[PDB]
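The block underneath contains the structure these notes are about, expressed in structure tokens.
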Amino acid sequence: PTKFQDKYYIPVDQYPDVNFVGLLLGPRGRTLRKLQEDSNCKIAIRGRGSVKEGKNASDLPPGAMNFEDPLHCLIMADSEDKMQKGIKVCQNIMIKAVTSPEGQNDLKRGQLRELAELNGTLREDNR
RNA sequence: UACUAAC
Ligand SMILES: [Cl-]
């Protein structure tokens, strides 16, 4: 969008051992691309901790190597309404990560299942 | 709940 942009800060200090980035991206980044279609926004994960140590920097989009800010979703839209819907769907995911009772995060279960399909390691047993 | 890495 580029006309309207906002940063949604991820509560890393409060939850230092929750993997928010993985829950947002999903297998192959597919969850984040769905969130973008949901909100009609471009969404990027940026800031300190948004890049695995240490990725092929020369293969990264502009601005991705700026770690001055804490971890955030950068939301970009071409109306204020869309931008706010983008903040909403990111906040939804953050809330899901923190308030899901152990083992009841359906989004994450589905993600890990789909990941296993892609890696050919799917199992459907109780062990 | 197979631990995700998009642009
Ligand atoms: Cl079996």
Side-chain angles (χ1 to χ4, degrees), chain A residues 1 4-51 54-55 57 60-103 105-123 125-127:
Chain A
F4 296 90
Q5 102 164 22
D6 202 17
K7 300 177 184 165
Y8 174 73
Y9 291 106
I10 296 175
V12 175
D13 293 356
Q14 295 90 343
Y15 291 95
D17 306 300
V18 169
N19 181 8
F20 296 102
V21 174
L23 186 67
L24 285 160
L25 289 172
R28 293 185 173 181
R30 290 174 183 182
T31 299
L32 188 69
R33 287 193 292 268
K34 285 180 185 311
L35 292 181
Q36 285 165 107
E37 299 166 36
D38 293 343
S39 54
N40 250 253
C41 284
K42 181 175 199 291
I43 303 172
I45 305 178
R46 294 290 183 264
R48 192 191 326 124
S50 62
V51 166
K55 227 242 181 185
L60 282 170
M65 285 295 294
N66 183 359
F67 301 135
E68 263 300 293
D69 291 326
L71 187 67
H72 59 279
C73 301
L74 174 64
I75 297 138
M76 303 156 273
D78 44 49
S79 80
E80 187 119 59
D81 265 17
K82 286 174 179 180
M83 187 201 65
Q84 279 162 24
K85 193 182 188 180
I87 296 163
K88 176 172 183 172
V89 299
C90 288
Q91 202 153 215
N92 286 347
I93 301 302
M94 252 43 81
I95 291 172
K96 188 163 290 169
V98 158
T99 67
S100 281
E102 184 75 318
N105 187 338
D106 288 341
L107 173 62
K108 187 172 175 160
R109 195 170 54 251
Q111 287 176 335
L112 267 46
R113 191 167 119 90
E114 175 178 22
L115 193 71
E117 287 277 42
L118 294 165
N119 292 327
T121 59
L122 184 73
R123 34 162 173 78
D125 49 84
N126 281 324
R127 307 173 249 98

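A note on names: the letters A, B, ... follow the listed sequences, proteins ahead of strands, and every chain is numbered from 1. Atom set for the values below is all heavy atoms of this structure, side chains included, hydrogens, waters and symmetry mates excluded.
Counting non-hydrogen atoms under 4.0 angstrom, A:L115 reaches the backbone sugars and phosphates but no base. Across all strands shown, A:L118 has no heavy atoms under 4.0 Å from either base or sugar-phosphate atoms. Residue contacts shown for A:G29 are limited to sugar-phosphate atoms, with no base heavy atom under 4.0 Å away.
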CA sep, side-chain torsions, deciding dist, call: A:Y8, A:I43, side chain to side chain contact (heavy atoms under 4.5 Å, CB included): CA-CA 10 Å; A:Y8 174 73; A:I43 303 172; over 6 Å; no
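When the P atom of B:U1 is taken as reference, atom CG of A:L122 falls 11 Å away, rounded to whole Å. Between A:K108 atom NZ and B:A2 atom P the separation is 9 Å, expressed in whole Å. Rounded to whole angstrom, the span from the NZ atom of A:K96 across to the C1' atom of B:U1 amounts to 15 Å. Distance, A:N19 CG to B:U4 P: 6 Å, rounded to whole Å. We find that CG of A:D17 is positioned 14 Å from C1' of B:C3, with the value rounded to whole Å. Put simply, CG on A:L112 is 10 Å from P on B:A5, counting in whole angstrom units. Regarding A:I93, its CD1 atom lies at a distance of 13 Å from the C1' atom of B:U4, rounded to whole Å. Straight-line distance from the CZ atom of A:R28 to the P atom of B:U4: 14 Å, rounded to whole Å.
Annotation: of the two residues near RNA chain B, A:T31 and A:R46, the 5′-most nearest-nucleotide partner is A:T31.
On a pure distance criterion of 3.5 Å, no polar donor-acceptor pair joins the side chain of A:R109 and the base of B:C3.
Using a 4.0 Å cut-off, no side-chain N or O of A:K34 falls inside it from OP1 or OP2 of B:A6.
Side-chain proximity of A:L23 to B:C7, B:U4, B:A2: nearest is B:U4.
Between A:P62 and A:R46, the shortest heavy-atom contact is O-NH2, 4.3 Å.
Here side chain to side chain donor-acceptor pair (under 3.5 Å) pairs that include residues 62-72 of chain A, with residues two or more places apart or in two chains, are A:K7-A:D69. Pairs of residues two or more places apart, or lying in two chains, that qualify as side chain to side chain donor-acceptor pair (under 3.5 Å) and include a residue from residues 21-38 of chain A are A:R30-A:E114, A:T31-A:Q111.
Placement of A:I10 and A:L35 within a single hydrophobic cluster is found when ILVMFWY residues are connected by side-chain heavy-atom separations under 4.5 Å, directly or transitively.
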